[PDB]
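In: An experimental structure, sequence included, is below.
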Amino acid sequence: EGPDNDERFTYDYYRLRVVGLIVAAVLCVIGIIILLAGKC
Amino acid sequence: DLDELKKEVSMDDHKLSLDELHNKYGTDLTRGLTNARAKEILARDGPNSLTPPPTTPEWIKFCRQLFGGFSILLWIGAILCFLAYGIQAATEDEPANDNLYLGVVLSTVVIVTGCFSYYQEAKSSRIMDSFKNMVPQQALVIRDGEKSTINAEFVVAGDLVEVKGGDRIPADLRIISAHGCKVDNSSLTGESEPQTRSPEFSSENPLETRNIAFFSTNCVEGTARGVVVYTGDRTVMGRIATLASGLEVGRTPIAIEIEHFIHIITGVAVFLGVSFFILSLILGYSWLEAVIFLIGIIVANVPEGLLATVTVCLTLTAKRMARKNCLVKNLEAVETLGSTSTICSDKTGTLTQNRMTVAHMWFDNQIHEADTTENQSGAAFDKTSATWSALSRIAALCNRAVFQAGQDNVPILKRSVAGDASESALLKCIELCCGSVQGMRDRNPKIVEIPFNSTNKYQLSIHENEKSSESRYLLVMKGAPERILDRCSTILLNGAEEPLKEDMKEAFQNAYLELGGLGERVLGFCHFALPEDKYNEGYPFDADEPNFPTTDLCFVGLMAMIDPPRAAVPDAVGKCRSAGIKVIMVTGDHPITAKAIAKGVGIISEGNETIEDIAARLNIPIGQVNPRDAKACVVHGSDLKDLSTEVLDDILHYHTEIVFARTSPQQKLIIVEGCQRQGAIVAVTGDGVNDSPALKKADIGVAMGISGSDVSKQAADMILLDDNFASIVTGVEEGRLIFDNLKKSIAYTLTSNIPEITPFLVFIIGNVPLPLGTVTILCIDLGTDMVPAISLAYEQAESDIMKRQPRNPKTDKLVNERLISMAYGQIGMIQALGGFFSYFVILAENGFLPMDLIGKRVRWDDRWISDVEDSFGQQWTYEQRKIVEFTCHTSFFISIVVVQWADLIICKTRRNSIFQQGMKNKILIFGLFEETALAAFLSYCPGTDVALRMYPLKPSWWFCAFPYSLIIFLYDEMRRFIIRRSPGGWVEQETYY
Amino acid sequence: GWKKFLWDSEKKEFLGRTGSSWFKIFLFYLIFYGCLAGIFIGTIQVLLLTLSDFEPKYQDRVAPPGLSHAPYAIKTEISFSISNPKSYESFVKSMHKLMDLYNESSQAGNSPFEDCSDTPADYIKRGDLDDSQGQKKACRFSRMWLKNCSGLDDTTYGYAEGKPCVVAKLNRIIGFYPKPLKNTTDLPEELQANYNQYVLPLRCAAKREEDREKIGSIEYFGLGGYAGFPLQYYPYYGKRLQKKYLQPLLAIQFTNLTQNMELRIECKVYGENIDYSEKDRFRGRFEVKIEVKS
Ligand SMILES: *[C@@H]1O[C@H](CO[C@@H]2O[C@@H](C)[C@@H](O)[C@@H](O)[C@@H]2O)[C@@H](O[C@@H]2O[C@H](CO)[C@@H](O[C@@H]3O[C@H](CO[C@H]4O[C@H](CO)[C@@H](O)[C@H](O)[C@@H]4O)[C@@H](O)[C@H](O[C@H]4O[C@H](CO)[C@@H](O)[C@H](O)[C@@H]4O)[C@@H]3O)[C@H](O)[C@H]2NC(C)=O)[C@H](O)[C@H]1NC(C)=O
Ligand SMILES: *[C@@H]1O[C@H](CO[C@@H]2O[C@@H](C)[C@@H](O)[C@@H](O)[C@@H]2O)[C@@H](O[C@@H]2O[C@H](CO)[C@@H](O[C@@H]3O[C@H](CO)[C@@H](O)[C@H](O[C@H]4O[C@H](CO)[C@@H](O)[C@H](O)[C@@H]4O)[C@@H]3O)[C@H](O)[C@H]2NC(C)=O)[C@H](O)[C@H]1NC(C)=O
Ligand SMILES: CCCCCCCC/C=C\CCCCCCCC(=O)OC[C@H](COP(=O)(O)OCC[N+](C)(C)C)OC(=O)CCCCCCC/C=C\CCCCCCCC
Ligand SMILES: CCCCCCCC/C=C\CCCCCCCC(=O)OC[C@H](COP(=O)(O)OCC[N+](C)(C)C)OC(=O)CCCCCCC/C=C\CCCCCCCC
Ligand SMILES: CCCCCCCC/C=C\CCCCCCCC(=O)OC[C@H](COP(=O)(O)OCC[N+](C)(C)C)OC(=O)CCCCCCC/C=C\CCCCCCCC
Ligand SMILES: CCCCCCCC/C=C\CCCCCCCC(=O)OC[C@H](COP(=O)(O)OCC[N+](C)(C)C)OC(=O)CCCCCCC/C=C\CCCCCCCC
Ligand SMILES: CCCCCCCC/C=C\CCCCCCCC(=O)OC[C@H](COP(=O)(O)OCC[N+](C)(C)C)OC(=O)CCCCCCC/C=C\CCCCCCCC
Ligand SMILES: CCCCCCCC/C=C\CCCCCCCC(=O)OC[C@H](COP(=O)(O)OCC[N+](C)(C)C)OC(=O)CCCCCCC/C=C\CCCCCCCC
Ligand SMILES: CCCCCCCC/C=C\CCCCCCCC(=O)OC[C@H](COP(=O)(O)OCC[N+](C)(C)C)OC(=O)CCCCCCC/C=C\CCCCCCCC
Ligand SMILES: *[C@@H]1O[C@H](CO)[C@@H](O[C@@H]2O[C@H](CO)[C@@H](O)[C@H](O)[C@H]2NC(C)=O)[C@H](O)[C@H]1NC(C)=O
Ligand SMILES: CC(C)CCC[C@@H](C)[C@H]1CC[C@H]2[C@@H]3CC=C4C[C@@H](O)CC[C@]4(C)[C@H]3CC[C@]12C
Ligand SMILES: CC(C)CCC[C@@H](C)[C@H]1CC[C@H]2[C@@H]3CC=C4C[C@@H](O)CC[C@]4(C)[C@H]3CC[C@]12C
Ligand SMILES: C[C@]12CC/C(=N\OCCN)C[C@@H]1C(=O)C[C@@H]1[C@@H]2CC[C@]2(C)C(=O)CC[C@@H]12
Ligand SMILES: [Mg+2]
Ligand code: NA
């Protein structure tokens, strides 16, 4: 480390947003499944 | 429109003569009026047509929906928001546009709610307009000595009018000459049978005399003449309709509950505002700022989404009712049924079917019962003896009525039959269990028939015998059992014949009194085989001299008949009584029939007794017995006219099974008012016009759809398009279910108020960075929260709802202090603490420890301080610290959702446990899933920190509210436990909503 | 109603309940809220146990350092009359507040101050971010280094005759090493001359192309006479490990300023670990609206 300790000030918000969206989508799907499960 | 002169009972000029009548209105009894004179009167007073109702533009009702009680509260909230914005604009520079956004949002909410409610009431109005079928009608008037058929709108007072069986009485006539003319006074006077109209006068009451024809009445059989006495709106039913329209509406119970709810919400809102106003002035702030604080706290204490949620809640229960053919015109009339505690019903057309049907039959010294139900769902009467066959031949032959051409499609009971009511019932019973009468009649040719004389009081006729082995002649007569009994000497027992000894004569007398006491009309059928040796096949028996033996006939058996009640009438009445609803019969029919129908439907429980019944069982005068020993009472209309207010109060206060007979529509209204004077909700169920003033003044009116009148249908609040009475039970059940559900949903939407106001309060008192922003409060109150609150309506019952007593209106409210103590006091507090926890965590991880946050708002807000030292010594610019505050708003909103999970689960049930009821409500599950997906979407979607100002969260923060949620679940679970084990204890009178 | 629900004399009720009821409810709420407070406090103590006293766990919201100044401008504007003295008082008061912390009397002895190179130098590492060695030592920064803007000669600092000064400062960040641009063929025009590697350059200019002519001679004052910050005053070990620490400063005199006209001056620092933002107008650079109306 030392002078080139640039990583100590970086965060991968991109990957975090991607995962959070994948999860949100999945939860939404599951919800729909449960809602329509019975009318078919 | 003098109401008192319309509230009075009808008066008339019936007790007069034909000369006095013609001398008062002016008219030739044999030539009628002249055309010139007729037109002079037509133009002098107006056409014989009822006035149209008071129309209503669509923008007027749209403006009505835009206002009210709840929408008005939201309106004042929007006004306050814009006022605070104007202030901030004139006092400071760089005014935050927070207040303006909140104001336009509240206005949009009110507009959307109004559009939805208005659309629903319009839907019901369209399906309601598809029922008024008005085909023009023309009357037969005699002018200058000639008969002419002119539009009903051209009849005037004074001309001569002729009627014929099958036509409708145009205006109010004064019969001058009749020929066996019967009329149907069921809609106006409620008389189930056809009263004969005679030119002579008989009773002092105009509704009882026979010399007056009435508007909207139909002539069943016969022809008559008459002078038009009353025309246009001045008619009887015209004054009744005008009175109905000139009555007030009232104010439903759900509306009063919403009003008291707003009263409490405003009490606590203005209290927190004036108090934090004096407190802010005591800490140094200036007036200009304190005013904004007052407005902010008051506006913040207002549930914006509760309006749309309540509207959807009420709308959901209405579609079910519409699925079972129960349509409501308004939207709140869906709850009034559940709160009803006294149902005033009508007999003719509502409690009964208004159709004569063969009830009991006598044959083989044994009473037999026939099925008298619409869909024919009952017990047969043993069609295996020869006696029954002979009876079928007598009734099917000695009868002149025949089904109306083209009825090959309708059922055997609902088809049209041209003839008297008795002959129609007989024809229907024979066609029901004996096949096609048309072939039974062509199978035996009728040779000679002697009609019905008023002296002979018997109808006889001879026909050929279809026996291919017997060419003799058959004779059949029918009539009153006494006259027929005096003409027989044999009895057809089980087929064979026997003498008429006094044993069977007494059995016939007891049978006559048995069928008579049942409120039925009994007739006797007999026949005889004419000897072909004394009357050959060629001899013609002209109806002139005694060609047939009047006596020595063979009596076969009696045949009774009466109008039966609708299928689900007894079961529904019993269900209503089980729910603690007092059933009181109110009808303008004969008391002898009203009492029988009451005992048959459950109004007068079997065993209870009236004062006259006791006097008859003891054989003592009626003035000696005490009226307290009689549970049920039959109040006659004539006696009701002479009764004080206190007497009526006592009648309803001491008698549990009351039956008001021979009561006029005005008296019906008086009875409804007498019921309201005490304090109970009233529901009137009717069908005719006499029920219009009763359905209007009652808390809720139920009109029949098929058998109901247009006036009572337009003046009622609920319509039964299928004429089913069990729908009343379904309605009283739904009215309760949606009440307990409204309570649960209200506690849900009110619990979040605390974790949405506490941040600002600590912001002003403790001087910490703003915890909960405005676009987050908006994303909570109008976003996520909506679906769960809507789902709380689909909750099933916990205990039997059709078992508990009706809710007391003066003590058990909709929103009591027990709810406020839970939402505002215990659950909301925990949710607020959880939010502050996530807050402090976010600020502690970035460098601002809790010790350095108290006292920073002055520099944390300042826009020109680009060097704010944190707990570690770092220098933060203005935009950098603002980004952190916004991320704290995002996490606070997510914490709110996390605690709302356990709040929606503890709100699902009010007493029972979750492991008992069960999570069978799929909508609630979908609500939780969507509630979470929306929060994740609002935070992780790119461009949100620019549009809505919500930054992404780090996966370790999302878990700061979980312990608080589990704790909420545990607390409410143990709460809903002591209530069960300890009924009536502290936890119940303190936390049981 | 009004009177009864307030005080009845048959059931001896006040507001609705008797004497013993209000006590049952008050006691219940006291115990409930007490448990609530104790639980919240415990959940906050575990938090205090999760953080370190010598370093912020997350340092990403403060990666690109800001560029602030000594005068306190309400809208980033410096407007004052050369005649009325009660016009530039708000400026001098601030300036003074900032320079009042670099007084020599404060910087004295061996502890905790240390004499450093009078000419720009390289970084200096006083170990790790621990408590093993006692309070670290910070380099001394003398007032006099700033020549015409020090309040030692002309207390007003310039505002008295139409020649104001502006003391620029780099936002203090823990463990942040400033890195300057290298001598390669790609470098701004300005930066070529006087490339002392050890100095972080600061250079002001005009926002618009027109204003160039109306702005006179930007005279910068600093350590060694250069227009920048010496790398020797870094890194910053944080308040706990380096109390009594002074950050370098750079004075800027806007000599020959056109009279009676609003001038937009944008100052900017250059370097590798330095990046600007179109949203935050104080990240690396700063704007000032000077107007010496007289
Ligand atoms: C850091 O240094 C500041 C300056 O230090 C001075 O110069 C350095 C190089 C050394 O020589 C040091 O010994 C000097 O003191 C220091 O601030 C100074 O503090 C003194 C003490 O209060 C101030 O003296 C007072 O001056 C006022 C009038 O001030 C006028 O000028 C200033 C600008 O300089 C304006 O801001 C004012 O509004 C005025 O226009 C006198 O009225 C006052 O009278 C008092 O003393 C006399 C005897 O002399 C008595 O008879 C009276 O009753 C009063 O008791 C003082 O003479 C001096 O103004 C002030 N300088 C500045 C620039 O403000 C600062 O405190 C040091 N800080 C730290 C943390 O070490
Ligand atoms: C940072 O960089 C500059 C420039 O470096 C030059 O450009 C770079 C992009 C890269 O290509 C380098 O390789 C390249 O050198 C340094 O400053 C330069 O220094 C030289 C050497 O002194 C100067 O060249 C001089 O030019 C004069 C006229 O302009 C000429 O008269 C000079 O004569 C000298 O050299 C001749 C031999 O060529 C000798 O005979 C003479 O007697 C006399 O010594 C000389 O050629 C450049 O002009 C300088 N550039 C600028 C912009 O001033 C700089 O020193 C460096 N800094 C550090 C700390 O490394
Ligand atoms: C009955 C009701 C059922 C309801 C089911 C709902 C479905 C749930 C759906 C999804 C949940 C799974 C999520 C998994 C996501 C992992 C993704 C991942 O890669 O994530 C890594 C992070 C670490 O982030 P960092 O900051 O360290 O690095 C950041 C480094 N950078 C930023 C530089 C890149 O980690 C994380 O997000 C941690 C993710 C959270 C961990 C899941 C914890 C589960 C909790 C309780 C369940 C226990 C069940 C027990 C079984 C009982 C059976 C009877
Ligand atoms: C019946 C069955 C139904 C099934 C339906 C399934 C639907 C599909 C399900 C999931 C789709 C997943 C799509 C994933 C998109 C990833 C986009 C992404 O990762 O973008 C990240 C970057 C922005 O990063 P930055 O550097 O600016 O960060 C800020 C850095 N700072 C602030 C520090 C400077 O993007 C960019 O640049 C460019 C972005 C371009 C715009 C992309 C649009 C994405 C928006 C919405 C799609 C998500 C919907 C998911 C469904 C949810 C339902 C509620
Ligand atoms: C920065 C700091 C943050 C601050 C955040 C504050 C958040 C605010 C949270 C909650 C707001 C509390 C406001 C008061 C709410 C009272 C509820 C209320 O008014 O509901 C209305 C009920 C009516 O109910 P009903 O329709 O069933 O009646 C039927 C009667 N029938 C049937 C016999 C006719 O009326 C009643 O309950 C009667 C009225 C009783 C009023 C009691 C007033 C107590 C208020 C403060 C006490 C403080 C003392 C502290 C010192 C303690 C000693 C150590
Ligand atoms: C540390 C973290 C703290 C978090 C705190 C917040 C927690 C809130 C979230 C979830 C709480 C779950 C509670 C579990 C309760 C289970 C109760 C249960 O199992 O009671 C069994 C019932 C009773 O049956 P019975 O005897 O009446 O049947 C009679 C049938 N006959 C009539 C045919 C005979 O059976 C039934 O209800 C029928 C089967 C229903 C199965 C339900 C399964 C779904 C459960 C939860 C959904 C997950 C939501 C997740 C939200 C997060 C979104 C991201
Ligand atoms: C059964 C039925 C199922 C239906 C489910 C439907 C789910 C729909 C799922 C996803 C669609 C969501 C909308 C997509 C928005 C895409 C926006 C986008 O791709 O933006 C990309 C660019 C960002 O570019 P940059 O990184 O270079 O910016 C740098 C800026 N610097 C550097 C100055 C800071 O955007 C910009 O520039 C400007 C950003 C414009 C902001 C647009 C956001 C809209 C705001 C509120 C609407 C959300 C309401 C919630 C509705 C919930 C429905 C369930
Ligand atoms: C069924 C489930 C539904 C779920 C949906 C969730 C419901 C949401 C409920 C309420 C949220 C609505 C609040 C509207 C907020 C508007 C904010 C706004 O106008 O801020 C103005 C900003 C100005 O900001 P500045 O001064 O910092 O600019 C400085 C620029 N300098 C410095 C560079 C010059 O301009 C900008 O952001 C420019 C970009 C404009 C973005 C407009 C986004 C509108 C978002 C929603 C409206 C539609 C919602 C309808 C759905 C209803 C659901 C029932
Ligand atoms: C972060 C958020 C944390 C939140 C944690 C909250 C924990 C605090 C929970 C409970 C503390 C309150 C205890 C108050 C005890 C004093 C109350 C009292 O003085 O009461 C007196 C009565 C006895 O009078 P009586 O009825 O015989 O007289 C008849 C009189 N007349 C007619 C009016 C009915 O007492 C009774 O009835 C007995 C009723 C006692 C009340 C039981 C309530 C228990 C509720 C929750 C405990 C579960 C905690 C689970 C947490 C798990 C954490 C992981
Ligand atoms: C400061 O600015 C002034 C102009 O305001 C410059 O002096 C002018 O120079 C022109 C010739 O180019 C003369 O015509 C003017 O009469 C001068 N005006 C004054 C007031 O002297 C001056 O050269 C500038 N000095 C510096 C150091 O930039
Ligand atoms: C019924 C109960 C027990 C289910 C509890 C589910 C919890 C653990 C689920 C619900 C939503 C989930 C979050 C959904 C989205 C993200 C964003 C992602 O980038 C990291 C994980 C994270 C933060 C998830 C962590 C786990 C989470 C909080
Ligand atoms: C379940 C409920 C009732 C338990 C509540 C426990 C309360 C009383 C406990 C939980 C955590 C505890 C705190 C833990 C740490 C400290 C720091 C110490 O330097 C002083 C005491 C103090 C501040 C404690 C006070 C008591 C405390 C707040
Ligand atoms: C009080 C509030 C408007 C009302 C509000 N919620 O209104 C939803 C009604 N249920 C909470 C808002 C806040 O907390 C933040 C408030 C804002 C008004 C304007 C305020 C007071 C400001 O100038 C700074 C904080 C702003
Ligand atoms: Mg009727
Ligand atoms: Na009504």
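Out: Yep, that arrived. Numbering: from 1, shown residues only, chains lettered A, B, ... in the order given. Ligands and ions are numbered 1, 2, ... in the order given.

In: Just the CA coordinates for the helix or strand encompassing residue B:714, please, in CSV.
Out: Using DSSP states H and E, residue B:714 maps to helix B:710-715. Output in CSV follows, covering the C-alpha atoms of helix B:710-715 (Å, rounded to 0.1, in the frame of the first residue of the first chain):
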residue,chain,number,x,y,z
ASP,B,710,-91.0,2.7,-10.6
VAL,B,711,-91.6,5.3,-7.9
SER,B,712,-90.5,3.1,-5.1
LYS,B,713,-87.6,1.9,-7.2
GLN,B,714,-86.4,5.5,-7.9
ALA,B,715,-86.8,6.5,-4.2
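
In: just checking, next helix/strand downstream of it?
Out: Scanning forward in sequence from helix B:710-715 by DSSP H and E, the next helix or strand is strand B:718-720.

In: and that following strand, what other elements does it pack with?
Out: strand B:326-328, strand B:700-704 (3 or more C-beta pairs under 8 Å, 6 or more residues apart in numbering or on different chains; DSSP states H and E). From N, CA and C alone the C-beta is placed, and that goes for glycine too.

In: Figure out which of the ones you listed is closest to ligand 6.
Out: Minimum separation from ligand 6 across the helices and strands packed on strand B:718-720 (C-beta to the nearest ligand atom) falls at strand B:326-328, 27.9 Å.

In: Tell me who's in contact with the closest residue to residue C:288 other than its chain neighbours.
Out: Spatial nearest neighbour of residue C:288, chain neighbours left out: residue C:265 (5.0 Å); criterion: C-beta to C-beta, 6 or more residues apart in numbering or on different chains. Contacts for residue C:265 (C-beta atoms under 8 Å, 6 or more residues apart in numbering or on different chains) come out as C:204, C:205, C:206, C:207, C:215, C:254, C:287, C:288, C:289, C:290.

In: now residue A:24
Out: For residue A:24, the contacting residues are B:932, B:933, B:936, B:937, B:940, by C-beta under 8 Å, 6+ apart.

In: and with 10 Å instead?
Out: Contacts for residue A:24 (C-beta atoms under 10 Å, 6 or more residues apart in numbering or on different chains) come out as B:932, B:933, B:934, B:935, B:936, B:937, B:938, B:939, B:940, B:941.

In: list the contacts for the first one?
Out: The reference is to residue B:932. Shown in contact with residue B:932 (C-beta under 10 Å, 6+ apart): A:23, A:24, A:27, A:28, A:31, B:784, B:894, B:897, B:898, B:901.

In: Please state the backbone phi and psi of the second one?
Out: In this entry, residue A:24 is assigned phi and psi values of phi -60, psi -50 (degrees, to the nearest 10).

In: now swap in the fourth one and tell me
Out: Residue A:28 has phi and psi values of phi -60, psi -40 when expressed as degrees, to the nearest 10.

In: before we move on, what about the fifth one?
Out: The phi/psi pair for residue A:31 (degrees, to the nearest 10) reads phi -60, psi -50.

In: any idea how far it lies from residue B:897?
Out: Per C-beta to C-beta, to the nearest Å, residue A:31 is found 14 Å from residue B:897.

In: Compare those two and say which is more crowded by neighbours.
Out: Higher neighbour count among residue A:31 and residue B:897: residue B:897, with 23 against 20, using other C-beta atoms under 10 Å in any protein chain shown.

In: unless I'm mixing things up, that one is touching residue B:928, no?
Out: Yes - in this structure residue B:897 lies within contact range of residue B:928 using C-beta atoms under 10 Å: 9.2 Å.

In: Now list whatever residues contact both of those two.
Out: B:784, B:788.

In: What's the local residue count around residue B:529?
Out: Neighbours of residue B:529 under the rule other C-beta under 10 Å: 12.

In: and it, what does it touch?
Out: Counting by C-beta under 10 Å, 6+ apart, residue B:529 has contacts B:465, B:470, B:472, B:473, B:474, B:475, B:554.

In: try residue B:458
Out: For residue B:458, the contacting residues are B:398, B:450, B:452, B:477-480, B:483-484, B:487, B:523-524, B:526, B:550, by C-beta under 10 Å, 6+ apart.

In: Please identify which two of those are farthest apart in space.
Out: Across the contacts of residue B:458, the longest distance by C-beta to C-beta is 17.8 Å; it joins B:523 and B:550.

In: which of these two has more neighbours?
Out: residue B:523 (21 against 12).

In: What spatial separation is found between whichever residue of chain A sits closest to ligand 6 and ligand 7?
Out: In chain A, the residue that lies nearest ligand 6 is residue A:27 (5.6 Å; C-beta to the nearest ligand atom). Here the distance between residue A:27 and ligand 7 works out to 12 Å (C-beta to the nearest ligand atom, to the nearest Å).

In: Among the contacts of residue A:24, which one sits closest to ligand 14?
Out: Each of these was checked against ligand 14 using C-beta to the ion; the closest is residue B:934, at 54.3 Å.

In: For that closest one, give its distance to residue C:85.
Out: Relative to residue C:85, and taking C-beta to C-beta, residue B:934 is found at 60 Å.

In: more neighbours, those two?
Out: A direct count of neighbours by other C-beta under 10 Å for residue B:934 and residue C:85 places residue B:934 higher, at 18 against 13.

In: so where does that one fall, helix or strand?
Out: Per DSSP H and E: helix B:922-940 holds residue B:934.

In: about what we covered before: show me which of the contacts of residue B:932 are buried.
Out: A:24, A:27, A:28, A:31, B:784, B:894, B:897, B:898, B:901 (16 or more other C-beta atoms under 10 Å in any protein chain shown).

In: can I assume the second one is in contact with residue B:930?
Out: Yes - when contacts are counted by C-beta under 10 Å, residue A:27 is listed as touching residue B:930 (8.4 Å).

In: Single out the most deeply packed of the helices and strands packed on strand B:718-720.
Out: Most buried of the helices and strands packed on strand B:718-720, by mean neighbour count (mean count of other C-beta atoms under 10 Å in any protein chain shown): strand B:700-704, with a mean of 28.

In: can you dump the C-alpha coordinates of it into CSV?
Out: The C-alpha trace of strand B:700-704 is given here as CSV (Å, rounded to 0.1, in the frame of the first residue of the first chain):
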residue,chain,number,x,y,z
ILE,B,700,-82.0,2.3,4.1
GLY,B,701,-84.6,1.3,1.5
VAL,B,702,-84.7,-2.1,-0.3
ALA,B,703,-87.0,-2.1,-3.3
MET,B,704,-87.9,-5.2,-5.3
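
In: who touches the helix holding residue B:714?
Out: B:50, B:53, B:128, B:131-134, B:187, B:216, B:237, B:240-241, B:244-245, B:247, B:329, B:346, B:349, B:684, B:686-697, B:701-705, B:708-709, B:719.
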